[PDB]
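Okay, here we've got a single chain as C-alpha cells, the form deposited in one PDB entry, with questions on binding and movement later.
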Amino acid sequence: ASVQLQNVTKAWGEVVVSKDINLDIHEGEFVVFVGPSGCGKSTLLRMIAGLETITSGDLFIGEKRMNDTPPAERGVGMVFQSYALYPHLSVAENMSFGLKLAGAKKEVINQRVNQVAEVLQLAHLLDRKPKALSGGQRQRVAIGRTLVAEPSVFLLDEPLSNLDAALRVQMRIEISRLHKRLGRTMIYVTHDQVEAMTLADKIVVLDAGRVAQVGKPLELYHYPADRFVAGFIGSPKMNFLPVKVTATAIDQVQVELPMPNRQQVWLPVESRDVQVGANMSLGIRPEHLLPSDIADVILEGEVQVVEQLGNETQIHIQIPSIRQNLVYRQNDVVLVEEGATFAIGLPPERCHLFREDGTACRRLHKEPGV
C-alpha cells in the first residue's frame, strides 16, 4: 500500500551496480523511474516484487519489511516487460490465473474478468489466445491480469515501450484516467522521458544504478541537480556550452563563452562552491533560446538541419568555436532554408550551470509551477 526503500544496495558477485539508495513512495502515489536501458530499472522493480534478492538494505511495503517474504505474499502485481502472457492459455485464463489456483471461485472468476475486460474492451477477445492477438491487444491483457488481481502495489515495467507511437500516446491517457479511478500505489518504469513528465506525481532519475534526483516533473525540468538530469528531460536534449568562470558574486555567476568574441554573461545562479577559472557547462534548452532581436547576448552560425514538424520548427545551427550544434525550437512555422545564416539570443535568466563533477549550481530564478 505504501512501498519504501532504505539503504538499498544491489550487487552481483563483486560488481556493486547500485549504492545505498533511499526512496519513499506514498499511498496512491504514481512514481516513475526513468533512465537509459541497462541502468537497473527492471532490477529495482524485481527487487520490490521479490523476483530478485536485495543484497543490503531494507524494503518496506505498507510499514513492514518484505526482503525475505515470498513474492506471492507481497501484495504486489507486476506487468512484465514481455507481458509474460501464458501462450497455451486464453485471454480469460491469462487474466484470472491468480484466482484460478489457490482457491477457485467459478462464479467470481467470471465476474472479475468481465468487469476488467469491460474497462479495457477485451470482451470479444476472451476466448482467444496470445498468438492470435496483436501487440496492442496483448498489452491490455497483461495489465488486465493485475487489474483482476487488485493488488495494493502495481509494478509496470515499460508498458508502452513496444507499442506504436500513435497508440503510445492514446494509452498514456488511459493510464492516467485509470490511476485517479483506482487511487492506488503505482511504480512505473520507462526509458521515455515524456511518459515520466506526463504520468508521474514524483520522478526518480537513474544513472548507472544511482538515483540522480527525485521530485515533481516540473521541478526536475526547471531545476536539475546535475548535468545528467538536465540532459535526460526535455523533448530535444538541452544545449551544453563549455564555459570558463571569470568572476563570482553572491547573487550570480559570470562565465566566458568559448567564442573568438569572448562574451561574458552574468547568470542568476548559486555561487556556492564555484571557483574562478574553473571549466563548466552552460545549460540552455532549445525552447528557452530567444530570437536575435529580443536579447543582447547573441549566438550566430550556419544552419545544418531544418526540421519542419508542422506544429513547431526545429533548427540545428553550427556555431564556430563549439563542435556541438546549437538546437533551436520555435512555434508555428519558420521559413529558413538549410545553409542560411541564423542568429539567436541567449537569455541569462533561463540558463543552467554545471561544475566539473557535473553537479548543478542552484538556479536563483523563480520559474512558475514550482
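Start at 1 and count along the sequence shown; that's the residue number. The term rigid core refers to the most C-alpha atoms you can superpose between the two forms while keeping them within 1.5 Å.
Checked against the record, the higher mean CA B factor of 141 to 149 and 110 to 118 lies with 110 to 118. Comparing 229 to 237 with 252 to 260, the stretch with the higher mean C-alpha B-factor in the PDB entry is 252 to 260. Within the selection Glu287, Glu219, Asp293, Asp207, the deposited Cα B-factor values reach their highest point at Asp293. Reading the B-factor column for the CA atoms of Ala104, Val79, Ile187, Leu267 in the entry, the top value corresponds to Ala104. Ranked by Cα temperature factor within the chain, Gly57 sits in the highest third according to the deposited record. The entry lists a Cα temperature factor for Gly183 that places it in the highest third of the chain's modelled residues. In the deposited entry, the Cα temperature factor of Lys131 sits in the middle third of values across the chain's modelled residues. Among all modelled residues in its chain, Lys202 ranks in the lowest third by Cα B-factor. Per the deposited record, the Cα B-factor of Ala84 falls in the lowest third when ranked against the other modelled residues of its chain.
Unshown form deposited in another entry; subsequent notes refer to it.
Fit the rigid core and compare the CA positions between the shown form and the other one: of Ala84, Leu290, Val297, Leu182, just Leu182 moves by 2 angstroms or more.
The Cα shift for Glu270 between the shown form and the other one, taken after rigid core superposition, is smaller than 2 angstroms. With a cut-off of 2 Å and the rigid core superposed, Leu125 has a Cα displacement that reaches or exceeds the cut-off between the shown form and the other one. After superposition on the rigid core, the Cα atom of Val243 is displaced by less than 2 Å between the shown form and the other one.
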